[PDB]
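**Q** everything below, folded, please.
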Amino acid sequence: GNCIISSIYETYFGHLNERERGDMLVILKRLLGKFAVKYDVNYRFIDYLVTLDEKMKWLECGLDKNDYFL
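**A** Residues are numbered from 1 along each chain as shown. The structure is reproduced below:
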């Protein structure tokens, strides 16, 4: 479930505003429930790909604290 959410996150959600982004997340989660694959609700792609070392090394380079730019 996390890898299919990871794929849709890393591909689809570059040019989407946050309200419609959350709407599309919950829509695909609903479809996952309809087709019965085990995916959670509180998954974050940062929790699976971005390490704290790289996060610090990129925040020191001129990055803000907003999750959208992260």
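**Q** buried sites along the helix ranked longest in the chain?
**A** For the chain, the helix with the greatest residue count under DSSP state H is helix 18-34. Using 16 or more other CB atoms under 10 Å as the test for burial, helix 18-34 gives 21, 25, 28, 29. Where you see a C-beta, it was placed from the backbone N, CA and C, and this is true even at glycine.
**Q** so what secondary structure elements neighbour it?
**A** Helix 18-34 sits against helix 2-12, with contacts defined as 3 or more CB pairs under 8 Å, 6 or more residues apart in numbering; DSSP states H and E.
**Q** and the angle from the helix it packs on to helix 18-34?
**A** 150 degrees (axes from the mean of the first three to the mean of the last three CA atoms, to 10 degrees).
**Q** shift numbering so it begins at 6
**A** Got it, first residue is 6 now, which makes that one helix 7-17.
**Q** how far does helix 7-17 sit from the chain's center?
**A** 7 Å (CA atoms, centre = their mean, to the nearest Å).
**Q** what are the contacting residues of that helix?
**A** Applying CB atoms under 8 Å, 6 or more residues apart in numbering, the contact partners of helix 7-17 are 29, 33, 37, 42, 44, 45, 48, 50, 53, 54.
**Q** how about stretch 47-54?
**A** Outside stretch 47-54, the residues that reach it (CB under 8 Å, 6+ apart) are 6, 7, 10, 11, 14, 15, 60, 72, 75.
**Q** for residue 45, helix, strand, or coil?
**A** coil (DSSP: H, G, I helix; E, B strand; the rest coil).
**Q** what's around residue 21, how many residues?
**A** For residue 21, the neighbour count with other CB atoms under 10 Å is 13.
**Q** residue contacts, it?
**A** Taking CB under 8 Å, 6+ apart as the contact definition, residue 21 lies against residue 29.
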